[PDB]
Every structure is written in structure tokens, then in C-alpha cells.
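Protein chains in written order, with the entry's author numbering: chain A, 10 to 125; chain B, 10 to 99, 102 to 124; chain A', 10 to 125; chain B', 10 to 99, 102 to 124. A prime marks a further copy of an entry chain.
For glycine and all other residues, C-beta sits at the position ideal for the given N, C-alpha and C.
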Ligand SMILES: CC(C)=CCOC(=O)/C=C/c1ccc(O)c(O)c1
Ligand SMILES: CC(C)=CCOC(=O)/C=C/c1ccc(O)c(O)c1
Ligand SMILES: [Ca+2]
Ligand SMILES: [Ca+2]
Ligand SMILES: [Ca+2]
Ligand SMILES: [Ca+2]
């Protein structure tokens, strides 16, 4: 897929499984419109969010529901969610892997961008 | 201050200076109301954003303009900005630290008494 | 494999390719003995370092040569290398994925540990 | 001090207090010679490790006993310790920050004038 998200748990040393996330795309009127959503698999990965045809140029936001994840494990975390906002496909189609590493009071996010 | 933000540059090994950010508070209609902003000092820190009386429980967002920072250094960045969204809950001081790279950022909260 | 290492470049948003690393295992006399070595592929991954039979209980150190990596890209980085030291297989065989995220003055490392 | 270390806890959102560490300098025979050590304060910081005259160019290693820290909190950790190995090169102050999780750590250097 042109967009994949991978989430890891830094407390348990495991993929972060069943983590919900919503993707939005910024509309011409500057509002965030729903684009795609899903949950991470047993591998901590979410594939198949979109297609090369649908994933046009624009500004996208991935909101990862990290708070529900920690809560279900008995932990009250700091962040409401982890947010990743980026311009996609500005110079033609790319594949994007967004990786998030989660701790209760901290998170890291990185992007790997490759040319098809 | 009950809220301080510190920003570091992982490419140059330095404070991230003159980084602009806005702080928003979530309203009843679920929109973001601006309520504080500033830019980081030479030590990469932004102090004096709010007071104890003003900083009531609620959901807050700190939006750090990382894109402009990297653009001024001539480096193309991935993120439009870095956002930190959190609930403040009731003596507490919040220090939000953000470590910046062109294609990655990390943020941590140090919450003390 | 029971041991895999993945290295990413946070400046370029890409896998870190051709990154050398050496693995050592602590000997009975407390010295580090060479165990395995290799370089990351185009995917930023290094597979096939060892086998389940060879990868016995012990304390292992992965030394990732991050300095040579940055130097070849024209950057003088802070760290000599990134080091990952851990006890492996203490409770029976596990699979270990060590992920390192590199910037010139910072690095992060995480482990994903799974039960075969 | 020309060298300061700061350690933070990503699970509890706090300074990592009473974390022991040793600093070594690389010798001509390629062995590590101990030369400073201490444990972090209530602010998670360790100051006074060395002086400008003593802190000459060379390769240094800071070995942070993260395992003992997590063990005292009843949490099983992955790493034996966190090591930061770097060359000091010639006015410079080094601040080494380490952010700790049970299965992950990050370290950054802030090098200033
Ligand atoms: C599959 C791919 C291209 C990236 C996924 O990499 C990982 O499994 C973990 C990446 C990572 C993300 C954040 C970190 O702080 C860190 O040390 C590593
Ligand atoms: C006092 C000074 C110059 C930096 C102190 O650093 C912090 O308060 C937080 C640093 C930090 C924040 C996130 C990280 O992943 C990391 O490795 C370090
Ligand atoms: Ca895919
Ligand atoms: Ca365009
Ligand atoms: Ca493999
Ligand atoms: Ca055993």
C-alpha cells in the first residue's frame, strides 16, 4: 500500500495490537475530512488504508488512539493521542510507512518515504 | 510556570531556537480555542505560557511549527508540525520536551510537584 | 531468525543501508567474544546473524557503527556507535528484533521480543 | 560542568532519580578506564562529573545502570544498561539526555557554548 502504519509498545517490547487510528485529509475549505480508518493487527501493523489512485496530493493527519490502548492495559497515559500531520505526494506518488513507538508519557514517530 | 516547553534539535545537537508554537484549549463545541503562544529562547525553552489560576483541567494541544524551523535551516522536513495533545488533571508542573529530526520527532512529558 | 536488526535514518526518512554492526557475547571470564557481524540491506535490515541452536542464553552486545554511516553522508555525528546490551533467552528461546532510529546527535533503540 | 547527564522516565513521566552511572575514558591499549561516576539527583540530573582541565579530547563512554532502575520499580527491562559512547573535541558544554522505557531508550546530546 502507499500508506502503512506500524505501532510498537516500549513498555512490553511488543507490537501494539488493536490500536485504533483515523486518517483525515485537509479539504479545500481547510477542514479535516475523514479519509480512512482501521486498527493495528497482531503484528502492530495497519495495511490497506488507501490506494494509489485515491491517495492524491494533500495534507493528511493520522490520529492514533494511544490513550484507549494504554487504558485497556491499566495505564493512565499522558497523551490523548499521537498525531502525525504531513504533506503527501507533493512531488509525485510515494509510499509512506509511519512508525510510532509508544510509552505512557512519551511517543516517537518516524516516517520512511520511498519512491515506487 | 505550570507549563513549560523545551525543544531540541537532533541534527545539530542544540536547542531549537526561535521555534514558534501555539497552545489551544478544547472547547465545549469540540473546537480548539487558542490561548497561549510564543517562540523558544536561545536555550530552546518557552516559559510563561500560562498561570496556575488560568491553567484549569481540560484538554490542551501544543502545536509546534517544526516545518518552519527546518525550512529556515534549508532542510526538507516530513511533518507539517508536531502536535502534543493531553489532558491536564488536578500541585503539578508540566514540562513538554520535543526532540526534532527532519523525518521524526519524539515528545515526552515530565510531570512534577 | 532469532535475531534481526533494523536501522532507520531520521534525517532522510529512509532505511539506513549498508550499516555495519558486530555482535558479541559475554564469555565465562567476562570478556566480550565475537559472535556474529554483518551490514544492513537496502531495506535497512540485517537478517541471518545466528541460529536457534547457536543463540544460547547469555548477555549479548550489538555495536552498530553509526559513525561510519553518518561520515559517508558528510556528517560528523556525536556518537561513536549505538550499543545495545541485553540478556537473551533467559526464560527459553525468544525471537529478538532490535530497531535503531538514527540522527546525527541522537539515537533511539527498541526491542520487540516474541515467543516462538 | 563541561559534562552533565539528565535521565527521564517515560513510563512515569518523571525524572529518573537515583540512577547510577559510570563514565570511562578510552585508553591507549583500547581499554576503558573509569574516571567519573555518580547517581542522578531528584531532578534526574548528574552534575560535577569532571572539570574543564580534566575533560580533554578523547573517546568517552557513559554507562547508565538502567536495569537496576527498572528492577527497583518492579518492572522487567530489556537492556543491561544504556551506553553512550562519544568523542569529545575542541568552548563546549555537553549535556547527555537519556529517555528510558523498559524495552527502549533514546539518547541525545546537546552541545553548547
Ligand atoms: C517497517 C519500517 C519501514 C519501520 C518500522 O521500524 C520499526 O519496527 C521501529 C521503528 C522505530 C520507531 C521509533 C523509534 O524510536 C525506534 O527506535 C524505532
Ligand atoms: C537540559 C537540556 C539541554 C536537555 C534536557 O532534555 C530534556 O528535558 C528531554 C530530552 C529528550 C527528549 C526526548 C528524547 O527522546 C530524548 O532522548 C531526550
Ligand atoms: Ca502494505
Ligand atoms: Ca505538487
Ligand atoms: Ca528474519
Ligand atoms: Ca535461565
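Exercise. Would you check if there are 3 or more beta carbon pairs closer than 8 Å linking the region 18-27 of chain B' to the region 57-65 of chain B'?
Key: no
Exercise. Return yes when the Cβ of residue 90(A') is within less than 8 Å of the Cβ of residue 106(A'), no when it is not.
Key: As a first step, residue 106(A') is located in the third chain; it is residue number 97 there, counting from the start. As a first step, residue 90(A') is located in the third chain; it is residue number 81 there, counting from the start. No, these two residues do not count as a Cβ contact at 8 Å.
Exercise. Could you tell me which residues DSSP puts in a beta bridge with residue 104(A)?
Key: Stepping through the first chain from its first residue, residue 104(A) is reached at position 95. Answer is 123(A).
Self-check item: Cβ-heavy atom distance, residue 63(A) to ligand 4, below 7 Å
Solution: For the purposes of this step, residue 63(A) is taken as the residue at position 54 of the first chain. Flag unset: Cβ of residue 63(A) not near ligand 4.
Practice problem: List the residues that DSSP assigns as beta-bridge partners of residue 32(B). | Solution: One-based indexing of the second chain puts residue 32(B) at position 23. DSSP, once it has assigned bridges, lists 45(B), 71(B) as partnering residue 32(B).
Quiz item: Taking just the CA atoms, how far does residue 15(A') sit from residue 103(B)?
Solution: Indexing the second chain from 1 puts residue 103(B) at position 92. Indexing the third chain from 1 puts residue 15(A') at position 6. Going by the C-alpha atoms only, they are around 39 Å apart.
Quiz item: Got a sec: which bits of the region 18-35 of chain A sit with their beta carbon under 8 Å from any beta carbon on chain A', in order along the chain?
Solution: 19, 22, 23, 24
Self-check item: Beta-carbon separation (whole angstroms), residue 21(A) vs residue 114(B'), contact threshold 8 Å
Solution: Numbered from its first residue, the first chain carries residue 21(A) at position 12. Numbered from its first residue, the fourth chain carries residue 114(B') at position 103. About 7 Å; that satisfies the 8 Å criterion.
Quiz item: Hey, would you say the C-beta of residue 108(A) is under 7 Å away from at least one heavy atom of ligand 1?
Solution: Numbered from 1 along the first chain, position 99 holds the residue referred to as residue 108(A). Under cutoff, so the answer is yes.
Quiz item: Would you say residue 77(B') faces chain A, with C-beta separation under 8 Å as the test?
Solution: Here residue 77(B') is taken as the residue at index 68 of the fourth chain, counted from 1. Closer than 8 Å: no.
Exercise. Run down chain B' in chain order and give the residues with a C-beta less than 8 Å from the C-beta of residue 118(B).
Key: Taking the second chain and counting its residues from 1, one reaches residue 118(B) at position 107. Neighbours of residue 118(B) on chain B': none; closest Cβ ~10 Å, over 8 Å.
Quiz prompt | Reduced DSSP category for residue 77(A) - H, G, I as helix; E, B as strand; rest coil | solution = Numbered from its first residue, the first chain carries residue 77(A) at position 68. In this structure, residue 77(A) counts as helix in the three-state DSSP scheme.
Practice problem: Could you tell me whether the Cβ of residue 82(A) comes closer than 8 Å to any Cβ of chain A'? | Solution: As a first step, residue 82(A) is located in the first chain; it is residue number 73 there, counting from the start. Chain A' contact via Cβ: absent.
Quiz prompt | Heavy atom of ligand 4 within 7 Å of residue 89(B) beta-carbon | solution = Mapped onto the second chain, residue 89(B) falls at position 80. For ligand 4, not one heavy atom lies less than 7 Å from the Cβ of residue 89(B).
Quiz item: Candidates 99(B'), 119(B'), 124(B'): which alpha carbon is nearest residue 109(B')'s?
Solution: If you number the fourth chain from 1, residue 109(B') lands on position 98. When only C-alpha atoms are compared, the closest one is 119(B').
Quiz prompt | Collapsed DSSP secondary structure at residue 86(B) in the structure displayed | solution = As a first step, residue 86(B) is located in the second chain; it is residue number 77 there, counting from the start. Three-state DSSP puts residue 86(B) in coil, outside helix and strand.
Quiz item: Skipping 5 residues on each side, what residues in its chain have a beta carbon closer than 6 Å to that of residue 59(A)?
Solution: As a first step, residue 59(A) is located in the first chain; it is residue number 50 there, counting from the start. 12, 45, listed in sequence order.
Exercise. List the residues of chain A whose Cβ lies closer than 7 Å to the Cβ of residue 69(B'), in chain order.
Key: If you number the fourth chain from 1, residue 69(B') lands on position 60. Those do not exist, as residue 69(B') stays about 26 Å from chain A at its closest Cβ, beyond 7 Å.
Quiz item: In the structure shown, what three-state DSSP assignment does residue 38(B') receive?
Solution: Mapped onto the fourth chain, residue 38(B') falls at position 29. Residue state, collapsed to three classes: coil.
Exercise. Leaving out five residues on either side along the sequence, give the residues of the same chain with a beta carbon under 7 Å from the beta carbon of residue 39(B').
Key: Taking the first residue of the fourth chain as 1, we reach residue 39(B') at position 30. No residues qualify anywhere along the chain.
Quiz prompt | Cα-Cα separation between residue 73(B) and residue 32(B), rounded to whole angstroms | solution = Reading the second chain from its first residue, position 64 is the one you call residue 73(B). Reading the second chain from its first residue, position 23 is the one you call residue 32(B). For residue 73(B) and residue 32(B), the distance between alpha carbons rounds to 9 Å.
Quiz item: Under the criterion of a Cβ to heavy atom distance below 7 Å, does residue 121(A) qualify as lining ligand 1?
Solution: Residue mapping note: residue 121(A) aligns to position 112 of the first chain, counting from 1. At least one heavy atom of ligand 1 is nearer than 7 Å to the Cβ of residue 121(A), so yes.
Exercise. Determine whether the Cβ of residue 44(B') lies closer than 8 Å to any Cβ atom of chain A.
Key: Residue mapping note: residue 44(B') aligns to position 35 of the fourth chain, counting from 1. No, residue 44(B') does not count as interfacial toward chain A.
Exercise. Could you please give me the residues that DSSP links to residue 92(A') through a beta bridge?
Key: Looking up residue 92(A') in the third chain gives position 83. DSSP, once it has assigned bridges, lists 72(A') as partnering residue 92(A').
Quiz prompt | Host beta strand (DSSP E) of residue 18(A') (start-end) | solution = Taking the third chain and counting its residues from 1, one reaches residue 18(A') at position 9. Counting along the chain, the beta strand (DSSP E) containing residue 18(A') begins and ends at 12-18.
Quiz prompt | residue 30(A') beta carbon near ligand 5 (any heavy atom closer than 7 Å) | solution = Walking along the third chain from the start, residue 30(A') turns up at place 21. Checking the Cβ of residue 30(A') against ligand 5 gives no.
Quiz item: DSSP beta-bridge partners for residue 114(A')?
Solution: Reading the third chain from its first residue, position 105 is the one you call residue 114(A'). None, per the DSSP bridge assignment.
Quiz item: In chain A', which residues lie with their C-beta within 7 Å of the C-beta of residue 90(B')?
Solution: Reading the fourth chain from its first residue, position 81 is the one you call residue 90(B'). Per Cβ cutoff of 7 Å: 94.
Quiz prompt | Check: residue 72(A) C-beta below 7 Å from any heavy atom of ligand 6 | solution = For the purposes of this step, residue 72(A) is taken as the residue at position 63 of the first chain. Incorrect: residue 72(A) has no Cβ contact closer than 7 Å to ligand 6.
Quiz item: Buried or exposed: which applies to residue 18(B'), given that a residue is buried once 16 or more other Cβ atoms fall within 10 Å of its Cβ?
Solution: On the fourth chain, residue 18(B') is found 9 positions in, with the first residue counted as 1. Residue 18(B') comes out buried.
Quiz item: If you count every other CB in all the chains shown that lies within 10 Å of the CB of residue 37(B), and 16 or more means buried, which is it?
Solution: Counted from its first residue, the second chain places residue 37(B) at position 28. Residue 37(B) should be labelled exposed.
Self-check item: Rounded distance between the beta-carbons of residue 47(B) and residue 30(B), thought under 8 Å
Solution: Within the second chain, numbered from 1, the residue matching residue 30(B) stands at position 21. Within the second chain, numbered from 1, the residue matching residue 47(B) stands at position 38. Residue 30(B) to residue 47(B), Cβ: 7 Å. Contact.
Practice problem: For residue 87(B), go through chain A and note every residue whose CB falls closer than 8 Å to its CB, in chain order. | Solution: As a position in the second chain, residue 87(B) is number 78, starting the count at 1. Those within 8 Å of residue 87(B) in chain A are 95, 120, 122.
Quiz item: Does residue 115(B') have its Cβ less than 8 Å from a Cβ in chain A?
Solution: Taking the first residue of the fourth chain as position 1, residue 115(B') is located at position 104. Residue 115(B') counts as touching chain A.
Quiz item: Of all Cβ atoms in chain B, is any one closer than 8 Å to the Cβ of residue 112(A')?
Solution: Counting from one through the third chain, the residue named residue 112(A') turns up at place 103. Chain B, which has a Cβ nearer than 8 Å to the Cβ of residue 112(A'), makes this yes.
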